[PDB]
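Colleague: Got a structure here, written out as structure tokens. Questions coming.
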Amino acid sequence: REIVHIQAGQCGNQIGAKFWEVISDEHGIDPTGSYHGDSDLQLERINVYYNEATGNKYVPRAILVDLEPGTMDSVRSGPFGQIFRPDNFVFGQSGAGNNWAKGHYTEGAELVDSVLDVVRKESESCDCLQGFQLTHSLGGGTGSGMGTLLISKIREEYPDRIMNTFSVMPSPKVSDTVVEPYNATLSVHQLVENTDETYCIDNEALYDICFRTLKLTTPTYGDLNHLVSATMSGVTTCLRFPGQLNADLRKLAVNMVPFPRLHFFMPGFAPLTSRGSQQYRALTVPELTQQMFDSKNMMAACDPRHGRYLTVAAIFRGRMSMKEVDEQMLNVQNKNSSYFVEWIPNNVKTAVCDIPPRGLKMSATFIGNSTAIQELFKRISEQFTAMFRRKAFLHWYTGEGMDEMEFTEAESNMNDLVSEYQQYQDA
Amino acid sequence: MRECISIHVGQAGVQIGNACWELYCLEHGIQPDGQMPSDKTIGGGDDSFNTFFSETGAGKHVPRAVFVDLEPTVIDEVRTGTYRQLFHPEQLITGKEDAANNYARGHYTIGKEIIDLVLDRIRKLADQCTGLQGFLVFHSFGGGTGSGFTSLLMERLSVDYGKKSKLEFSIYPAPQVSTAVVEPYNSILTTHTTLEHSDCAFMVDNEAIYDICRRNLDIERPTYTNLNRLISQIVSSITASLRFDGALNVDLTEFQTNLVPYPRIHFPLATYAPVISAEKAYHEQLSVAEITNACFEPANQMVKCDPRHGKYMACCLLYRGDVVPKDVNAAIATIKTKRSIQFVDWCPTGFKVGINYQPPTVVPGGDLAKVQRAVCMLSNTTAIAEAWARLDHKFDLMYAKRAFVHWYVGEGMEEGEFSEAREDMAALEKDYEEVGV
Amino acid sequence: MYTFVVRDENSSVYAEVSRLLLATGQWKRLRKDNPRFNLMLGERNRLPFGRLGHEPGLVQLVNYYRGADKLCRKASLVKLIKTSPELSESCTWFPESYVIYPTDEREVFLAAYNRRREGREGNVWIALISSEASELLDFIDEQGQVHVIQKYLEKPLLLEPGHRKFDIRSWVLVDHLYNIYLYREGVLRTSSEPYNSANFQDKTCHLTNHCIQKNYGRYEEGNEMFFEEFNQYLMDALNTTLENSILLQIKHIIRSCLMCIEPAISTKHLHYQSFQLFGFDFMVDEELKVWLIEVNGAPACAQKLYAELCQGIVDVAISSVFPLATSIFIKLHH
Amino acid sequence: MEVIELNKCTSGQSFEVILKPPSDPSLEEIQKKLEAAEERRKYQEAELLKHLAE
Ligand SMILES: Nc1nc2c(ncn2[C@@H]2O[C@H](COP(=O)(O)OP(=O)(O)OP(=O)(O)O)[C@@H](O)[C@H]2O)c(=O)[nH]1
Ligand SMILES: Nc1ncnc2c1ncn2[C@@H]1O[C@H](COP(=O)(O)OP(=O)(O)CP(=O)(O)O)[C@@H](O)[C@H]1O
Ligand SMILES: Nc1nc2c(ncn2[C@@H]2O[C@H](COP(=O)(O)OP(=O)(O)O)[C@@H](O)[C@H]2O)c(=O)[nH]1
Ligand SMILES: c1ccc(CNc2cc3c(cn2)[nH]c2ccccc23)cc1
Ligand SMILES: [Ca+2]
Ligand SMILES: [Mg+2]
Ligand SMILES: [Mg+2]
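Chains as they are written, first to last, in PDB author numbering: chain B, 2 to 428; chain A, 1 to 437; chain F, 1 to 103, 126 to 149, 161 to 247, 252 to 362, 372 to 380; chain E, 6 to 28, 44 to 74.
Below, the structure written as structure tokens:
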């Protein structure tokens, strides 16, 4: 089962690039695309993300999208820049000016068909395409506006394929422009309808983690992206390496998503580590379990103690006692069974993979479907309303053809999403 | 002689089929290439083992089996496995994308595009049969294929083969081994749809096999391989009377006669003893009395429940190894005075005993030790309904919130089938209670 | 940090137990339908034993023995005794009883009393009390539910001052190992009406229940005489003790009853574990012979003894399985 | 107590011991239900493509 990767916009391409940088190192694939590992567990699930190229070369099934050439030229001149299929570089020239409308309705519309042609060309080769994954931010114009336009048009042409996203949430602590709450809200409406799994990566959380925890006075986007590539690598581990789990994206989605609109996940990761700073002490399993469940390790600035877990997925990596893992996992649930819903039996599932990430001897990745995620959406909704009650900065959008009603609708749908999460928090 | 066709559906069914046929071959002295030196009727025969194997002119002994999965990777490991030459391609059938642990997807959506093919490949086996008794169907309750495609198949077989019997080997879902969360939905659905189409079903709770593997084989975390080699032993005990000379349970019809007095209540509890570790340096061989006594210990049952708080309708004892009727009758007499064994008033309180002198065969390099005598008890006790109660409760919890339901409805299924299936199960729980108290 | 649940709110004994557990600061109460518990304080009716011991990573314990109702209900107890060889119909400490279904053990019931008609032997029975069988044979028929008719002790031991009737209540705890623990503190639930050998058409005189007598508070507060008193009265008025004259027979009847059904309810090798508190109700005749009247599966305690007993339950039945970071019981050995 | 129907052979023997005496849908509806569920999908797929067309 093959996956098609797409990365849209500045944020989208920068985390996406570092993702391919990380997992290409895991799979032993080099900057040119030649395998150079020791294990062959490196290769029997490598067609999931890579295409086999003549000359024993491997090429990412990756499509790079932007309305500006700036970031994608940085990617191409980046460390693993030349690994990517050059035709998969689809870009405009005007940019989106952090404007959802430009990305979704005007500038992006002009470019979207060209992108879909590259998608179609990839899907055609896939013996059994299982789904798509997108990397983008929701605060800008391209990744937000055009990214959701792509998702909408991909669902039209592939209604029966899984669509997952890694979606970076905006935050005033890490902000480019004031209109990010507007762009975010418009995009959430789109994600609620047309995605199976959306990993909610809050820039607030990524910041706090870098400063409060990781001893970084002034964290850059590069530091923030260390955390994101580590997490993306962890959530996809089970699909990239052989193990216990005989599951595709669909089977995995079925067991995580009891309700179609409630598919926004809190990612987490342990041990939390800065880049450069070595780790000499390997965590015990009880430490891995304790940390990956602690809020300070969550990538979404939500307090899981303010909600209840609908489902939970956990992926331990490295050489460890599978027994001890079960005890510690079963321990946490039996410790705090009040923070798990009782009306979904056995809703916490675990998997183990013998291959650890680079630099760590063992690690865990947390995927939580908590109702506490409403805190994230309430946050955006407040920032949205504060401006919208005065119709502030709205001319940037109405100048591209949008009406106020579309904002009112988007606002309502997210307040609905919030109220829906609240319904199951009191069940 | 009358032939039996084994149908293995889904991952659990396939990999368990592998375990069984591997074991069968060892018990009949058939090698991986299908050659059976001891068979002197080259090219054919009328023997008891021909119940499960047919013969080619070249002298190959091929299973009367069909493997079917909605996704290739599991059966591909049969196409390239050590017993690859044993089967032939038309016996192994694979779709491209599985049912994603979705009953509706396996039954309705993806089931439809492959049902006519499987029945054809099955019909090609039945045409090689001079007298077909019926089918042995291996599958999981929790898998979308194992649950959804099985009920679809079981419906058609009752149409294409009305007079033929159909037995089930069913894997009851356990959280310790499972990973799906929706297996209770799949289990209730497939039981509801298969109930009138199954003459006799042997439930195996992965929870029970798992603990048996930990407790008695000293395996810290059992793999499917560990579970399946133990399950194959039990299944081999249950089917030995179809593959070997004897007078007890010689055809599928007798299984229902001896074990299933009332059709709906056709879930006999299996209990197996002794299970001994091969890495166990020092072992004291157990007696007919000891292994027979172990048959009334809950820790040896395929499903954990308490037969003391229910009633029996039937009870077969199948022995393998050094056993004589005299020792059995003494062991039975002793146990009865010490244990609580209540039958229903309209049943004779007695035991049907089968003995095969050949002791149980073990897979070389397996976890199980060779023993001088072993036994499998098949008891139709109402206590097994505890397993239905567990399952039905989990179903109720999720369904009250309609959790995950949208996955099924999105495949064309109606929400009404959920409630219908659950009401049928609610009836089934009461059938057991009428009889049991 | 262990966890437990409460599914019986009317339990005067285990509401007290739940309180003690929380006070240790090492137990946590979940809600009725949370499966991830260590201990279950279940309901009296339709308790789902079939769902216990199937939670991975959890040792589970319940405060009831499945199947123990065959001892704790009148129709069953009679059948239990009569059919069980270790007890038999020759059993010397159970009043001659018979099972009687409404319009079975009626034809036999008639035969037993037919010499009692003309044997010039004491011929009074109880379901209520009567000398005429016909009068209560279709009192049962007017009620609707199956009844038990039983030998009536018309020559009971009588407490003076007062010339009164009484019954003894013993609290027994059976832990997970099937150790049978007798609570050293019992209670006499005494009548205050002088026992009337003639007219039993009243209830107060021949029925010693704690409810129906509310002659209350005359000789002892509560109509409730404890063992220190009853022992003293025995020493002064009959020159014997409680242990010798009565308790040996009590410990013998208790042990005989639970050992009879041990192989039917024991959780020795089960996936879940049981314990349970029982209340045995005895009665003494004038020859100091103790008769078993009944066994209560869901017994309530005496108010002075709640604190001590309920603390004992935690010590040997719960903490014995779930340990934390001289004895009030008498072990009946076997 | 009473052993009956003792059958013996080289492979083994079998008998019965009594300790106490006592005291379908046609292919009509299958393919009808399968197709009635198929156009429940088609209807759902149509309303999606309609919704997307809007
Ligand atoms: N005993 C045993 N159980 C298994 C085995 N494989 C899977 N299972 C159980 O089967 C259930 C999942 O069903 P599967 O058989 O894997 O699913 P399937 O029939 O292939 O159907 P799909 O959903 O389409 O994959 C879980 O409860 C597993 O514990 C096996 O080899 N042995
Ligand atoms: N055979 C008998 N002879 C004399 N008195 C008897 C008797 N059977 C019952 N009694 C009287 O009836 C009282 C209680 O009746 P019984 O025990 O049958 O009902 P009960 O269940 O309400 C007691 P508990 O409620 O504590 O279980 C006894 O305490 C005793 O006073
Ligand atoms: N984590 C992370 N967030 C980013 C990065 N670049 C931009 N963002 C966030 O994304 C939003 C801006 O979107 P951007 O991708 O730059 O707009 P676009 O290129 O037009 O789609 C803001 O909320 C930024 O904080 C990045 O490299 N990493
Ligand atoms: C793109 C591609 C792939 C992924 C990962 N998806 C995923 C993984 C798991 C899951 C639900 N979804 N449930 C699990 C339980 C145990 C182990 C793993 C998982 C996201 C984006
Ligand atoms: Ca032959
Ligand atoms: Mg930018
Ligand atoms: Mg499968």
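Every residue, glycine too, gets a C-beta built ideally from N, C-alpha and C.
Spell out whether any CB of chain E is found under 7 Å from the CB atom of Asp245 of chain A.
Modeller: yes
Colleague: List in chain order: all unbroken beta strand (DSSP E) runs of 3+ residues lying wholly within the segment 82 to 140 of chain A.
Modeller: 92 to 94, 132 to 140
Colleague: Between the alpha carbons of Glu89 of chain F and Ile81 of chain F, how many angstroms are there, rounded?
Modeller: 7 Å
Colleague: Just mark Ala133 of chain F as buried or exposed, buried being the case when its beta carbon has 16 or more other beta carbons within 10 Å.
Modeller: exposed
Colleague: So, at 6 Å on beta carbons, what are the nonlocal neighbours of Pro182 of chain B in its own chain, with the 5 sequence-adjacent residues on each side left out?
Modeller: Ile381, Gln384, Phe385
Colleague: Could you spell out where the beta strand (DSSP E) holding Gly354 of chain A opens and where it closes?
Modeller: 349 to 356
Colleague: Look up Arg46 of chain F in the DSSP assignment and say whether it is helix, strand or coil.
Modeller: coil
Colleague: Answer yes or no: does any C-beta atom of chain F fall closer than 7 Å to that of residue 429 of chain B?
Modeller: With chain B covering only 2 through 428, there is no way to say anything about residue 429 of chain B.
Colleague: Put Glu65 of chain E into one of helix, strand or coil per three-state DSSP.
Modeller: Residue state for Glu65 of chain E is assigned as helix, using DSSP reduced to three classes.
Colleague: Does the beta carbon of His306 of chain F sit closer than 7 Å to a beta carbon anywhere in chain A?
Modeller: Taking CB atoms only, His306 of chain F has a neighbour in chain A less than 7 Å away.
Colleague: State yes or no: is the C-beta of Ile5 of chain A within less than 7 Å of the C-beta of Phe87 of chain A?
Modeller: no
Colleague: Cβ closer than 7 Å: which chain A residues qualify as neighbours of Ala57 of chain E?
Modeller: Within 7 Å Cβ-Cβ: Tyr108, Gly412, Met413.
Colleague: Which of helix, strand or coil does DSSP assign to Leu240 of chain F?
Modeller: coil
Colleague: If the cut-off is 8 Å on Cβ atoms, which residues from the segment 48 to 72 of chain F count as contacting chain A, listed in chain order?
Modeller: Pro48, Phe49, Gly50, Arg51, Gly53, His54, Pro56, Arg66, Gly67
Colleague: If you count every other CB in all the chains shown that lies within 10 Å of the CB of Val169 of chain B, and 16 or more means buried, which is it?
Modeller: buried
Colleague: Counting only beta-carbon atoms, is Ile50 of chain E nearer than 7 Å to chain A?
Modeller: Yes, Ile50 of chain E counts as interfacial toward chain A.
Colleague: So what does DSSP say about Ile42 of chain A, is it helix, strand or coil?
Modeller: coil
Colleague: Is the segment 304 to 322 of chain A close to the segment 351 to 361 of chain A, with three or more CB pairs under 8 Å?
Modeller: yes
Colleague: Report whether the distance from the Cβ of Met257 of chain B to the nearest heavy atom of ligand 4 is below 6 Å.
Modeller: yes
Colleague: Where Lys25 of chain E and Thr334 of chain A are concerned, what is the direct C-alpha to C-alpha distance, given to the nearest angstrom?
Modeller: Going from the Cα of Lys25 of chain E to the Cα of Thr334 of chain A covers about 15 Å.
Colleague: At the 7 Å Cβ level, is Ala301 of chain F part of the contact set with chain A, yes or no?
Modeller: yes
Colleague: Quick check on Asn10 of chain F: buried or exposed, where buried means 16 or more other Cβ atoms within 10 Å of its Cβ?
Modeller: exposed
Colleague: Quick check: the Cα distance between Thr238 of chain B and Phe394 of chain B, rounded to an integer number of angstroms?
Modeller: Each residue's alpha carbon lies about 42 Å from the other.
Colleague: Which of the three DSSP states is assigned to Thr3 of chain F in this structure?
Modeller: strand
Colleague: Check each residue of the segment 316 to 340 of chain B: if its Cβ is closer than 7 Å to any Cβ of chain A, include it; give the result in chain order.
Modeller: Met323, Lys324
Colleague: Tell me which residues of the segment 127 to 146 of chain A have at least one Cβ-Cβ distance to chain E shorter than 8 Å, keeping chain order.
Modeller: none
Colleague: Closer than 7 Å, CB to CB, is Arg391 of chain B near chain A or not?
Modeller: No, its Cβ sits nowhere closer than 7 Å to a Cβ of chain A.
Colleague: Can at least three beta-carbon pairs, one atom from the segment 140 to 159 of chain B and one from the segment 98 to 105 of chain B, be found at a separation below 8 Å?
Modeller: yes
Colleague: Determine contact between the segment 399 to 412 of chain A and the segment 285 to 302 of chain A, defined as no fewer than three beta-carbon pairs at a distance below 8 Å.
Modeller: no
Colleague: Would you report the Cα separation of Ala19 of chain A and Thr82 of chain A, rounded to the nearest angstrom?
Modeller: 12 Å
Colleague: At which residue ranges does the segment 151 to 234 of chain A contain complete beta strand (DSSP E) runs of 3 or more residues, listed in the order of the chain?
Modeller: Within the segment 151 to 234 of chain A, the complete beta strand (DSSP E) runs of at least 3 residues are 165 to 172, 200 to 205.
Colleague: Would you please state the rounded distance, in angstroms, between the beta carbons of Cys338 of chain F and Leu329 of chain F? I believe it to be under 8 Å.
Modeller: No, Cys338 of chain F and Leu329 of chain F are not in contact; Cβ-Cβ is about 20 Å, not under 8 Å.
Colleague: Would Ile93 of chain A be called buried (16 or more neighbouring beta carbons within 10 Å of its own) or exposed?
Modeller: Counting Cβ neighbours within 10 Å, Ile93 of chain A comes out buried, since at least 16 surround it.
Colleague: So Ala58 of chain A and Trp21 of chain A are in contact, right, with Cβ under 8 Å, and what is the actual spacing, rounded?
Modeller: 19 Å between Cβ atoms; not a contact.
Colleague: Any contact between the segment 287 to 307 of chain B and the segment 325 to 344 of chain B? By contact I mean 3 or more CB pairs, one from each, below 8 Å.
Modeller: yes
Colleague: Output needed in chain order: residues of the segment 343 to 360 of chain A with a Cβ under 9 Å from some Cβ in chain E.
Modeller: Within the segment 343 to 360 of chain A, the qualifying residues are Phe343, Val344, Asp345, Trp346, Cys347, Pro348, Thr349, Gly350, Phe351, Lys352, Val353, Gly354, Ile355, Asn356, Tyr357, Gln358.
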